[PDB]
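Visitor: Let me give you the structure first, and then I'll get to my questions.
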Amino acid sequence: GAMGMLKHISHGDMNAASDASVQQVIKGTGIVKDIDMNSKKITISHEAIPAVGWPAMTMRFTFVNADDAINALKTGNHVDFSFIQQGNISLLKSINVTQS
Ligand SMILES: [Ag+]
């Protein structure tokens, strides 16, 4: 059949929102340096993240649930991630592999 559904392809009609569950979810980047699903800690050598105000250091991030991203995640991989600060505990919400 002739499938030609005239939708707003014109990127300017903002009907969809990029936000949903962003409660100041602090985003950053760095190279994964270790993954421990057992204690749910992922030690990532992370860069200067100005959103939290932390310099380029190696530190572990606690995740709530092992996602498909976290499953396909490997050490040595340069990634961009998103977490929320909880005292000293950096609670990893989501993680994106940008360079493997
Ligand atoms: Ag740190």
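The sequence shown begins at -3 in the authors' numbering and counts up one residue at a time.
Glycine is no exception: its CB is placed at the ideal position from the N, C-alpha and C atoms.
Within the chosen definition, does the stretch 69 to 79 reach the stretch 13 to 24 through at least 3 CB pairs nearer than 8 Å?
Guide: yes
Visitor: Cα separation between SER41 and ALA62?
Guide: 19 Å
Visitor: So the candidates are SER35, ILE66 and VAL28; which of them puts its Cα closest to the Cα of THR54?
Guide: Closest option to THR54, Cα to Cα, is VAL28.
Visitor: With distances taken between CB atoms, is the gap from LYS36 to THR58 smaller than 8 Å?
Guide: For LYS36 and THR58, yes; Cβs fall inside 8 Å.
Visitor: Between the C-alpha atoms of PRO51 and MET33, what's the straight-line distance to the nearest angstrom?
Guide: 25 Å
Visitor: If you run the structure through DSSP and keep just helix, strand and coil, what is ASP64?
Guide: helix
Visitor: Less than 8 Å between the C-beta atoms of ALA65 and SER90, yes or no?
Guide: yes
Visitor: Here's the rule I'm using: 16 or more other beta-carbon atoms within 10 Å means buried, otherwise exposed. How should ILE45 be labelled?
Guide: buried
Visitor: Assign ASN34 to one of three DSSP states: helix, strand, or coil.
Guide: coil
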